[PDB]
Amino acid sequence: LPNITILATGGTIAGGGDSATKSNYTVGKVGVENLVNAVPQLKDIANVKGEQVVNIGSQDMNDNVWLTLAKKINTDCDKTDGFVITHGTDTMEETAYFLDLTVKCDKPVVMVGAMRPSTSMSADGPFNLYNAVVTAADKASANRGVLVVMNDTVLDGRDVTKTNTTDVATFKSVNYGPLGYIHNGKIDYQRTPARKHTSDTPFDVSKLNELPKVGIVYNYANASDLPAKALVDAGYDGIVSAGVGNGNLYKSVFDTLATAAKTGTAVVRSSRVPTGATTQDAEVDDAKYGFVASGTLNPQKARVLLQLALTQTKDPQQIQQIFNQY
């Protein structure tokens, strides 16, 4: 049977409450060993090894953890046939894209979580974890980038996002769709991401202990420019605007970001709107102000790419080209 390493970070898949039917719980309390032992069927499909990396709610995910995960995967690539990462669902879409750009291992890297705690009635985590190991053990899963497996579906790390606060079926690749569906332990793959990922990117975090500082500001009617000003005064390397509509900015925020771009802060226009691209050639003249349009990357994913872009260059033209290729 294939050797599959489970790297555990916490999340509701490792969460517990006092009652099967009350909704209150805490995430990241159950160890990886107890996750594995609770699905004895794993032993028939894989030779499983579990490692606890951290045990937190992914609302508390941070750069230190990202860096650790990428180096761990790249270091151990040759010692296993695939990886499964258990993780909270709240920022899974961020971690998954970060690894999609920095992992240099060609073997399957599959992330998995649960929307209901392990103690819940009809808990979704056991069958998710099962399907994640199936996916990581399948030869067809290699070379597709970092993957997220939830609710019988295989999604790519770039497009996948959380679309509902509570539904087990919340994860969807809302612009370009999923890669495959799983039924009876077999995967019907009909798609693979076209944008460059993993060993095909120039991003290498093997020697880094810190990432550039990138913040996000939200736009809405009568938006305060105070959040944007605070990031600039604190010397942030980049700002991502969660803009309204097609990446548009409220007047005061636009003014602050235009000034910031001229003094060297990288600025990316994204959108609070959940689907579709923030494009060039709409209402904002990006070339005039030195802004970058994020394309289909939502604000939190645009932050991930901008941080990595900032380790290579500070030129907006160059950053735009990166946003057009990854």
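Position 1 is the first residue in the sequence shown; the rest follow in order.
Judged by mean Cα B factor in the deposited record, 25 to 33 ranks above the other of 65 to 73 and 25 to 33. Stretches 99 to 107 and 176 to 184 differ in mean CA B factor, with 99 to 107 having the higher one. Set against one another, the Cα B-factors of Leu208, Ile216, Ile85, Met150 in the record reach their highest point at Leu208.
Annotation for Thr279, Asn47, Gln59, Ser271: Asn47 ranks highest, by Cα B-factor.
Sort the chain's modelled residues by C-alpha temperature factor and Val304 lands in the lowest third, per the entry. The deposited CA B-factor of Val232 belongs to the highest third of values across its chain. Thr198: CA B factor lies in the middle third for its chain, per the PDB record. Placement of the Cα temperature factor of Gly145 within the chain: middle third of the modelled residues, per the deposited record.
Ranked within its chain, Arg158 lands in the lowest third, by CA B factor from the PDB record.
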